[PDB]
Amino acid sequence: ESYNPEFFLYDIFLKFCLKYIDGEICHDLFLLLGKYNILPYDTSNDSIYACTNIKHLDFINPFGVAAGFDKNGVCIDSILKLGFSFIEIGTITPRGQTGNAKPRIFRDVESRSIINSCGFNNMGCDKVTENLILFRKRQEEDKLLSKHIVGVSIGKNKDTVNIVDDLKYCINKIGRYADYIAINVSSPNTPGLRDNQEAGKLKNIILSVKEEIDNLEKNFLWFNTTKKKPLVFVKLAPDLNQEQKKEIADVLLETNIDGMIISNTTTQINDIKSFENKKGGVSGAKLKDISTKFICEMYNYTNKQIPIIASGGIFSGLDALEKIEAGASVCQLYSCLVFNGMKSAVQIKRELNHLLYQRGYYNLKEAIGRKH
């Protein structure tokens, strides 16, 4: 029964890794297991009452893996088959990059938190597109992958002056293979990137990305799950004042963005002892309340018209329901996969289903935004 994500040995190995093994080595080992298709899997049917959707994107369950986990799309099949409905690969950039100097990633098991200053390390858009094409070809031959969704997060190379040039580059090379495109204007580890959340710049960014996507048609096209043009999401940073949030919401309404990923990591958490004096953004349990509150704010600023993808401190079914009731349609995990490991998706799906039973919901969609 080594196939089973909850097999008792995985927790034993993970507890040991979390105590004694460098975080990036742990992540390399995970990707290596996925590379050779030797991760455990759960290909069981998911509850039809916990499915969700953003526009025509039909998620078989409400849990994906956030960006920055499989940056290069080399582990798509194996991560999905842990029990996730979708994965967001990237963030990718036109040219490859090795990222900031190491050590750059630190975990705090006690607070279930991570800090990272990675700096968009990836193989580059051209190589990651090849990896994603290989996955799409396997998907065409495997019915157990036919409904899974793959988004691509796109960004700029560190030295690029005009972000839009790099975003267009990625659209023109990988867009036809993506179910959605996530515009990353919120990493704290690329200088000047978050300035693109200013309303004027963001409006131009969104309109340019949508135009480039819309032009792919003009010049079987969609080799993705939906067989439709990718939806466009924006991923937002939680470190904004109220004026900025409202101005962003106005832009998202005017530009007809399909979804907002709330949120990226935060630079404002100061009370993790082992992280004192370290650069980078914080993920995990200490991000939950900040990011849930941000969901409530943006859900209201956008008048409930822009679907929300929740990211930040989601570990339990209860955390997931907090995000959904605050306004999210679907949830992304990252820190949960680090600290809970192979069982993450099976466990959290079970917890959420029981909570929907207990709370009286007919289905998950009934819960979206119920706090408001």
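Definition used throughout: the rigid core is the maximal C-alpha set that superposes within 1.5 Å between two forms. Start at 1 and count along the sequence shown; that's the residue number.
| task | Name the stretch that deviates more in 9 other deposited structures of this protein: 229 to 237, or 277 to 285? Use RMS CA distance to the shown form, core superposed. | result | Relative to the shown form, the greater RMS C-alpha distance in 9 other deposited structures of this protein belongs to 277 to 285.
| task | Consider 255 to 263 and 142 to 150 separately and indicate which one has Cα atoms farther, on average, from the shown form in 9 other deposited structures of this protein after rigid core alignment. | result | Clearly, after the core fit, the stretch farther away in 9 other deposited structures of this protein is 142 to 150.
| As recorded in the PDB entry, how many deposited residues are without coordinates between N277 and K278: none, 1 to 3, 4 to 9, or 10 or more? | Gap between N277 and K278: none.
| 193 to 201 versus 129 to 137: which one carries the higher mean Cα B factor per the record? | Per the PDB entry, the higher value belongs to 193 to 201.
| field | Mean C-alpha temperature factor, higher of 157 to 165 and 174 to 182 | value | Between 157 to 165 and 174 to 182, it is 157 to 165.
| said: For the CA B factor values reported in this entry, which option in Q347, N61, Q305, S335 has the top one? | reply: If I rank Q347, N61, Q305, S335 by C-alpha B-factor, first place goes to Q347.
| task | Report the option among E110, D258, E297, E254 whose CA atom has the maximum B-factor in the deposited record. | result | Comparing C-alpha B-factors across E110, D258, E297, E254, the maximum falls on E110.
| task | Ordered by C-alpha B-factor within the chain, which third holds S311? Give me lowest, middle or highest, please. | result | According to the entry, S311 has a C-alpha B-factor in the chain's lowest third.
| said: Taking only the Cα B-factors deposited for this chain, tell me whether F106 sits in the lowest, middle or highest third. | reply: For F106, the deposited C-alpha B-factor lands in the middle third.
| Going by what the PDB entry lists, where does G99 fall on CA B-factor within its chain: lowest, middle or highest third? | As the PDB entry reports it, the C-alpha B-factor of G99 lands in the highest third of its chain.
| Lowest, middle or highest third - CA B-factor, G68 | Its C-alpha B-factor belongs to the lowest third of this chain's values.
| field | Lowest, middle or highest third - CA B-factor, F223 | value | It falls in the middle third of the chain.
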